[PDB]
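# Observations on the three-dimensional arrangement
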Amino acid sequence: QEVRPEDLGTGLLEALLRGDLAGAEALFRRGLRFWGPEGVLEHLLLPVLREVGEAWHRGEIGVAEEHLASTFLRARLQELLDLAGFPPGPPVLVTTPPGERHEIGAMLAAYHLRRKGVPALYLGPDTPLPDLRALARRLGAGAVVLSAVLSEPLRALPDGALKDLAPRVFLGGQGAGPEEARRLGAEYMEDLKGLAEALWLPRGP
Amino acid sequence: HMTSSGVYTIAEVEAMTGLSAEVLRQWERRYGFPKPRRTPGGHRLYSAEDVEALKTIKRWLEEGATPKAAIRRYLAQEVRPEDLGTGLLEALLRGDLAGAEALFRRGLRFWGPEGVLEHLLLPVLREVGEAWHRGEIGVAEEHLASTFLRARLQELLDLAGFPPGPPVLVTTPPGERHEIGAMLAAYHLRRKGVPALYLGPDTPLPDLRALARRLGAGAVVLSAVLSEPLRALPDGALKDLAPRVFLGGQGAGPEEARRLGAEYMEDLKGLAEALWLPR
Amino acid sequence: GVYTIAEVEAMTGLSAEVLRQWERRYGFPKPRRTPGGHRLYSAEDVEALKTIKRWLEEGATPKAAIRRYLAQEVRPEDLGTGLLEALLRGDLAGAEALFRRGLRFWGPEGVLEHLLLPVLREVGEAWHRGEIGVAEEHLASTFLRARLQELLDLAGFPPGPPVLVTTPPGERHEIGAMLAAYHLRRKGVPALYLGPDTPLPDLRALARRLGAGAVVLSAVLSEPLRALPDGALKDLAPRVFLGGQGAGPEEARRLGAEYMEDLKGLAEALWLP
Amino acid sequence: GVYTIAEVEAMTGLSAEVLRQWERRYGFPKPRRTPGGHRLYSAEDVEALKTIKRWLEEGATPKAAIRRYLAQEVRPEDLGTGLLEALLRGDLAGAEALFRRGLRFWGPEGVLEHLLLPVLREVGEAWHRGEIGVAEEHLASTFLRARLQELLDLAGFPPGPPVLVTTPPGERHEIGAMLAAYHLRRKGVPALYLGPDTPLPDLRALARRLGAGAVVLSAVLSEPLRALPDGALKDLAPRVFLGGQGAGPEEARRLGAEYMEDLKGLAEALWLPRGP
DNA sequence: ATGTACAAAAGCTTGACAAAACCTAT
DNA sequence: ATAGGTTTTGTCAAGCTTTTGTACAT
Ligand code: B12
Ligand code: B12
Ligand code: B12
Ligand code: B12
Ligand SMILES: C[C@H]1O[C@@H](n2cnc3c(N)ncnc32)[C@H](O)[C@@H]1O
Ligand SMILES: C[C@H]1O[C@@H](n2cnc3c(N)ncnc32)[C@H](O)[C@@H]1O
Ligand SMILES: C[C@H]1O[C@@H](n2cnc3c(N)ncnc32)[C@H](O)[C@@H]1O
Ligand SMILES: C[C@H]1O[C@@H](n2cnc3c(N)ncnc32)[C@H](O)[C@@H]1O
């Protein structure tokens, strides 16, 4: 009973909503096979997560339903993360700003880095800035990457707060913008694709 | 024979391994291995496991190897059961995920799935919290270690079966962000053939009740690490969530469970068996 | 792990002078350094260099021999070829690593269908063509059996009336039975895997004493089945299932067992009727 | 038979002035006292003091030598009985848990000798007496094999020229081979376990192609060995070892293999070349 | 004949040093 | 692949504590 491409998004959500983890896992493996690792994230993992938030927002599902779906999809992404290689060398620390509890954005950034041979250390979400700076210094981290989904955690930070975290500091996500990034002293990155290559090109150009 | 960890003298080792007594004390000073049990007086007492170990190192040194690497290559292969906890944390603190994953796999094969959680996963997490509390490590270092260990546990969770039938919903009370306790409960349930649906942490009670009703869940399981989230809940708040409601964790107690209308469970082992028997 | 530059020179054949030069103009290998600057190579690097020595002797330059090994993102279909090649050269460490990779991509059930099964079939065919000997097959089969048993033990084992899983007498292919047992455990069925080659009277006696709900038999060869009389499997347990390459619907009916085509519908079949 | 304080002094060598202090310091020996106070040492103590005297001359200390001899207390003996009973009732979970307790206490090598081996022998005897059927044995044997394979994978696998481990053709008992391969790996030897029942020409061909330093064969039954012609094992590998219940020194010489009594000195033997 | 004391033998720790192996560089 | 600076390693010494064999006094 092979289901059509665009029907996988719909089907996966429906499977999760009925508590069929086995069926959901199986549907995800089919997507991974069809579109590959990067592709299944963009076409399957991301659209479902956005719809889940919207569905909750419209009142079609409750918080408990969302939790089940989000925990599942996080587990699949963590699998792919561990599947990728982890090279030697100065690590890149990946997390989210304090107050930011959405972590899946950070995981995606760390995954694309690893796929390009960058030793991205994923810390988890919600890391205090002084502790982050201290860790970056001790491990001799080449860069710090922050995913911001909400804008309020960024607005709460003072000017230049991110400037001295690491030799290079990147900021992205739905909650982040170019104007806001300049104020905090970080480099704005539009998409995940360009981020790994940005680590080779210095500063502006 | 029966006891590998025994007692010997430094003179017996010098006549069994060939290495002089002066060398044995130096390798304990520069490397830490071997580290035999000490008498109340202060004299050494090597074990039989260490005796055969040193006899193996003598072969490598005679085959072309340095004592610094000959010991390090053996410590990785036949590591001490209690050194794995220390080793794993040290590996994590230096950012060596590959080394950490490898050390965990060694533990999994030795203690088994349930075993590795009690004797490796749990003691490391406790020490990490204490180390942070003492100021030895920062929050960022804890995050790295906690995220890693969570990923390993989730892997085991997915490797367990997931049988059909009315699910059991597992989560934590609102305000409770420690989720590893809930995962452990879910895992032990799956290992006993219970379809435990792990939701993640921090689930609002009305939404939890609505989901339990719609899926016809047989029970709800809550893990409370902190006590404050429980204290913030009114009396009988957990009574009507599901046909059976269980509450455990460091933040939970029998007195508090009775007030909230939930059944107190002391240990994870007895939890799966408590589902088969009526309240 | 940790090694010396002298040990590598006696394990790979490459002199110590070369190992330091390739680290200078390529960066590989880059072993962990002692506090004094001394090099400590890992076991993963040791087997790696042993592979590069093969390519250099087969006709390749060190600049490309290393680059092709560094950026070897193995394709999903290259894992089956890779795993077999690793086994045939006696590289258990490399083989185990390749298998864990596949486990994470297709998942527990996925890795069995797309990695474990195709390799076993090809091994039999390769032996049949005369490309490999029996000893080479033995190594590969024992390895893959060990991985499957590991997954079996990682699955849950629920309480309740057990399901006994084995193979008919004379049948020594046991991997088929293990697969059946595994799929059952993944669906919350307490499948007791007995091992292969179990006498029918003893099997019936055990099923009776343990109150087993069902018996499951995997037949790879057809001859063991053909040697059994009519209705031989009828009274083994309340339900008896028979599958495998050596089994068929016509033959199952004669022996008094239910034919099952796929392992997926086996667990479900244990509830509905 | 009991002896005086001077009788044991001649049967061991140690003076009576030392035997009284060993009693008033360590607690051994503890002879029965007459109403007057005379010490009567038992026969179990005379042979015991003769053992310590051999250890003390080897370079040991009384406090350690006596404490070492106190390893006479046998391990939790109910684990063997309990494990078998657990298996016989189909409780895999309970059996796995019982095995893990045995492994932590006696360790890796220890749990094999005191738990894994005794149970396997009793299972065969129980079957032989008709107390259990073949199906019962199968369940137990498959379980214990799984545990051993787990330990095998837990041990490291060093690079270098491999040692091939299997059993002679016709020999289906494979647990003996696994034990040999495990002890080799524990000593840093890259033992490649092939499984049981390997044809000799194929084994020789594999050993040659992999540049294997040695081949190790486990023989539980004697009939598969007797079926082999003279010198059949001679050219399998640079060194060829044979052991197990089915193997003997006389039989090994005929087949052109080196006989090994115990698994312990197998790994030590592969390092240094042995004579004729 | 039960028991304490004393001297010798063996251990343990801090400290240092000369040779072997190794790293980097022209 | 020659050469110089550096780290690692086996060995021993002084100062002193623990342990054990012999004996000393009742
Ligand atoms: C799952 C989820 C949660 C989970 C988080 C689980 C976890 N461990 O991560 C929980 C339950 C904790 C949660 C809580 C909340 N959430 Co929420 N949640 C979501 C949901 C469904 C998905 C989030 C997610 O990870 N999406 C996937 C990410 C990767 O997608 P994306 O951000 O669009 O990413 C793309 C690009 O931005 C880029 N990008 C992302 N990260 C990075 C990083 C870099 C470096 C770069 C270059 C690019 C980049 O990559 C992607 C490419 O397509 C979203 C729905 C949505 N529309 O996003 C709501 C959503 C984000 N949440 C929302 C809300 C309202 C909340 C709460 C405030 C609710 C509450 N009152 O409790 C809290 C806030 C908690 C906090 N303090 O942070 C709102 C946000 C509204 C707003 N922006 O004002 C959303 C949008 C839902 C909605 N209403 O539609 N949430
Ligand atoms: C990792 C971690 C975090 C992570 C959580 C990650 C995650 N996604 O789960 C983060 C960073 C979010 C965090 C935050 C905080 N934490 Co915290 N954290 C820890 C840590 C190191 C481990 C937690 C853990 O999961 N341990 C493993 C669990 C399974 O062990 P256990 O609870 O003892 O479980 C056993 C039994 O209780 C039983 N049990 C557990 N669950 C269940 C369930 C059932 C049904 C049953 C029957 C039994 C049972 O199973 C186990 C058997 O051995 C602990 C250290 C510690 N000592 O626990 C601190 C700790 C729990 N945290 C602590 C603190 C102080 C906090 C913060 C308040 C810090 C802050 N100011 O931000 C916040 C609170 C956030 C919130 N609102 O919940 C303190 C708690 C102090 C107190 N109790 O008053 C601890 C103890 C650290 C310390 N000081 O030693 N924490
Ligand atoms: C490993 C192996 C062995 C090992 C067995 C190791 C062990 N402990 O299991 C050993 C060395 C013992 C061996 C011996 C022999 N084997 Co062999 N062996 C193989 C090999 C390479 C893999 C076997 C295997 O387990 N495959 C994996 C199984 C799971 O795959 P599958 O059967 O196709 O299973 C699928 C479905 O059928 C289903 N299915 C399987 N079981 C079940 C159960 C149920 C309940 C259900 C519903 C479905 C189901 O699940 C799978 C889904 O994809 C095969 C090659 C091959 N093409 O299969 C040869 C093969 C099976 N062997 C073969 C031969 C010739 C022999 C010997 C006769 C050789 C000899 N002369 O000694 C002996 C026979 C011994 C005996 N008396 O049984 C031939 C069979 C030829 C034939 N059918 O006539 C094969 C096909 C090799 C070839 N020529 O291509 N063998
Ligand atoms: C399990 C089992 C089986 C299983 C094998 C499972 C498997 N995959 O290995 C199966 C069901 C296949 C089986 C079949 C048979 N078996 Co059976 N089986 C046993 C059992 C219970 C345990 C075997 C075992 O592995 N024991 C553990 C081994 C490691 O112990 P051990 O040999 O004493 O080993 C020690 C030393 O010898 C040393 N050693 C062992 N290997 C090596 C290797 C080296 C290099 C060195 C240095 C030392 C060494 O290590 C150990 C140290 O303590 C034994 C019982 C028993 N008393 O041994 C019967 C037993 C061996 N089997 C027996 C019989 C009768 C048979 C069958 C003939 C029955 C039949 N008619 O079908 C067949 C023969 C099949 C064949 N062609 O080989 C008899 C043997 C009688 C005899 N010697 O004449 C035994 C003794 C049972 C009994 N009657 O008490 N068997
Ligand atoms: C962004 C996501 O946050 C979840 N969400 C909304 N309110 C809460 C709360 N009080 N606690 C936990 N999760 C919540 C919803 O499920 C939404 O989908
Ligand atoms: C219980 C764990 O909570 C973490 N922790 C403490 N304070 C914060 C904070 N402000 N934000 C995030 N994590 C925090 C510490 O790392 C501790 O180990
Ligand atoms: C099905 C598998 O059986 C193996 N095989 C073939 N003949 C024998 C034999 N005499 N003994 C053991 N294994 C054998 C081959 O390796 C083949 O791959
Ligand atoms: C040595 C072991 O061999 C098993 N055994 C005895 N006869 C057979 C047979 N025909 N088939 C399979 N196993 C058998 C018994 O269970 C015994 O314990």
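Residues numbered from 1 in each chain as written, not as in the entry; some residues may be left out. Chains lettered and ligands numbered in written order. Heavy atoms only, no water. Residues with missing side-chain atoms left out of burial classes, pairs and counts.

As annotated in the PDB entry, chain D carries the name Light-dependent transcriptional regulator CarH and comes from Thermus thermophilus. According to its PDB record, this entry is titled "Crystal structure of Thermus thermophilus CarH bound to adenosylcobalamin and a 26-bp DNA segment".

The PDB entry lists chain C under the name Light-dependent transcriptional regulator CarH, from Thermus thermophilus.

### Some thoughts on the interface of chain A and chain B
As a reminder, the rule being used: Note on contacts: a residue pair is in contact if any heavy atoms of the two residues lie within 4.5 Å. Strands here are runs of E lasting at least two residues and helices are runs of H or I lasting at least four, both read from the DSSP assignment and numbered beginning at the N terminus. Only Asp, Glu, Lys and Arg are considered charged, only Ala, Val, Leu, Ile, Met, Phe, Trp, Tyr, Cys and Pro nonpolar, and every remaining residue, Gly among them, polar.
Contacts between the two partners involve 34 residues from chain A, matched on the other side by 34 residues from chain B. Contributions of two or more residues to the side of chain A that touches chain B are made by α2 (21-57), α3 (63-83), β2 (120-124) and α5 (129-139) of chain A. Per element, the largest residue contribution to the side of chain A that touches chain B is eleven residues, and it comes from α3 of chain A. Split by residue class, the side of chain A that touches chain B holds 16 nonpolar, seven polar and eleven charged.

### A word on the pairing of strand β5 (residues 219-223) of chain B
Residues and elements named next belong to chain B. For clarity, the threshold we go by: When DSSP finds two or more bridges between two strands, those strands count as paired.
Strand direction decides the pairing type here: strand β3 (residues 168-171) and β5, joined by four bridges, are parallel. When the sheet's bridge partners are listed, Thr171 is paired in β5 with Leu222. Bridge analysis of β5 against strand β6 (residues 244-248) gives five bridges, and the strand direction is parallel. Residue pairing across strands places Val221 opposite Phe246, the latter belonging to β6.

### Here we look at the arrangement of the chains
The top pair by number of contacts, from a total of five pairs of chains in contact, is chains C and D. A gap remains between chain A and chain D, which never touch, and the nearest two C-alpha atoms on either side lie 21 Å apart.

### Observations regarding the packing of helix α5 (residues 78-88) of chain C against helix α7 (residues 134-154) of chain C
All names here are of chain C. We apply this condition: In this analysis an axis means a line fitted to C-alpha atoms, helices contributing only their contacting stretch, and an angle means the value between N-to-C directions, from 0 to 180 degrees. Note that the term roughly parallel is reserved for angles under 35 degrees, roughly antiparallel for angles over 145, roughly perpendicular for angles of 65 to 115, and oblique for everything else. For any helix crossing, the convention is left-handed if the near helix is rotated counterclockwise from the far helix by under a right angle, and right-handed if that rotation is clockwise.
α7 packs onto α5 with a crossing angle of 120 degrees between their chain directions and a minimal axis gap of 9 Å. The angle between α5 and α7 places the two elements in the oblique class. In terms of crossing hand, the pair formed by α5 and α7 is right-handed. Contacts between α5 and α7 pair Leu83, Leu87 and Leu88 from the former with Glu136, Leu139, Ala140, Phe143 and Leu144 from the latter.

### Details of the domain arrangement of chain D
Residue and element names in this part refer to chain D. Stated formally: Residue ranges assigned to each domain were obtained from an automatic or database domain assignment.
Looking at the assigned domains, one finds that chain D contains domain 1 (1-74), domain 2 (75-155) and domain 3 (156-276). Each partner contributes residues to the interface: domain 2 has 14 residues there, and domain 3 has twelve residues. Elements that contribute at least two residues to the side of domain 2 that touches domain 3 include exactly α6 (92-128) and α7 (134-154). With seven residues, α7 is the largest single contributor of residues to the side of domain 2 that touches domain 3. Split by residue class, the side of domain 2 that touches domain 3 holds ten nonpolar, one polar and three charged.

### Let's talk about the interface of chain D and chain C
Counting residues at the interface gives 34 residues for chain D and 38 residues for chain C. Within the residue set of the side of chain D that touches chain C, elements represented by two or more residues are α6, α7, β4 (191-195) and α9 (200-210) of chain D. With eleven residues, the top contributor of residues to the side of chain D that touches chain C is α7 of chain D. Of the residues in the side of chain D that touches chain C, the class split is 17 nonpolar, seven polar and ten charged.

### Observations concerning the sheet that holds strand β3 (residues 163-166) of chain C
All names here are of chain C. Overall, parallel pairing links the five strands, which are arranged β4-β3-β5-β6-β7 in an open sheet. In this open sheet, the two edge strands, each paired with only one partner strand, are β4 (191-195) and β7 (258-259). Both β3 and strand β5 (residues 214-218) contribute to a ladder of four bridges, which runs parallel. Bridge pairing in β5 links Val163 to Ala214.

### Examining unusual backbone geometry
Cis geometry marks the peptide bond from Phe28 of chain C to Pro29 of chain C; its omega dihedral reads 0 degrees. Note on placement: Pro29 of chain C falls in the loop between α2 (16-25) and β1 (32-33). Of the consecutive residues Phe28 of chain D and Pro29 of chain D, the connecting peptide bond is found in the cis state with omega at 0 degrees. Along the chain, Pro29 of chain D falls in the loop between α2 (16-23) and β1 (32-33). Of note in the backbone geometry, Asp126 of chain A takes a positive phi value of approximately 65 degrees without being a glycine. Mapped onto the secondary structure, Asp126 of chain A falls in the loop between β2 and α5. Backbone geometry at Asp197 of chain D places phi at a positive 65 degrees, although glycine is not the residue there. Note on placement: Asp197 of chain D falls in the loop between β4 and α9.

### What to know about the sheet that holds strand β3 (residues 143-147) of chain A
Residue and element names in this part refer to chain A. The strand order across the open sheet formed by five strands is β2-β1-β3-β4-β5, and the pairing between neighbours is parallel. A single partner strand is all that each edge strand has here, and the edge strands are β2 and β5 (187-188). Pairing between β3 and strand β4 (residues 168-172): five bridges, direction parallel. Within the sheet, the bridge partner assigned to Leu146 lies in β4 and is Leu171.

### A short note on the pattern of salt bridges
Selection rule: Any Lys or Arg side-chain nitrogen found within 4 Å of a carboxyl oxygen on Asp or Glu counts as a salt bridge.
Ionic pairing is found between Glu127 of chain B and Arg134 of chain B, a salt bridge with its closest N-O pair at 2.9 Å. Of the charged contacts, one joins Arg204 of chain D and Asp235 of chain D as a salt bridge, the two residues approaching to 2.7 Å between their closest N and O atoms. Separated by 31 residues along the polypeptide, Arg204 of chain D in helix α9 and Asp235 of chain D in the loop between α10 (223-226) and β6 (239-243) bring together distant segments of the chain.

### A few points about the packing of aromatic side chains
Defined as follows: Think of it this way: a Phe, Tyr or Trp ring, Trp meaning its six-membered ring, pairs with another when their centres are within 6.5 Å, and the plane angle makes it stacked under 30 degrees, edge-to-face over 60, tilted otherwise. For a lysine, the NZ atom is tested; for an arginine, the CZ atom; a charge sits over a ring if that atom is within 6 Å of the ring centre and within 35 degrees of the ring normal.
Geometrically, the ring pair formed by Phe110 of chain B and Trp111 of chain B is edge-to-face, given 5.4 Å between the ring centres and 80 degrees between the ring planes. Judged by centre distance (6.2 Å) and plane angle (40 degrees), the ring pair of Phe28 of chain D and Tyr69 of chain D falls under tilted. Of this pair, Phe28 of chain D sits in the loop between α2 and β1 while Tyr69 of chain D sits in helix α4 (residues 62-69), and the two are 41 residues apart along the sequence. Ring pairs connect the aromatic residues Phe28, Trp55 and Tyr69 of chain D, which therefore count as one cluster. Against the face of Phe105 of chain D rests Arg104 of chain D, its NZ or CZ located 5.8 Å from the ring centre.

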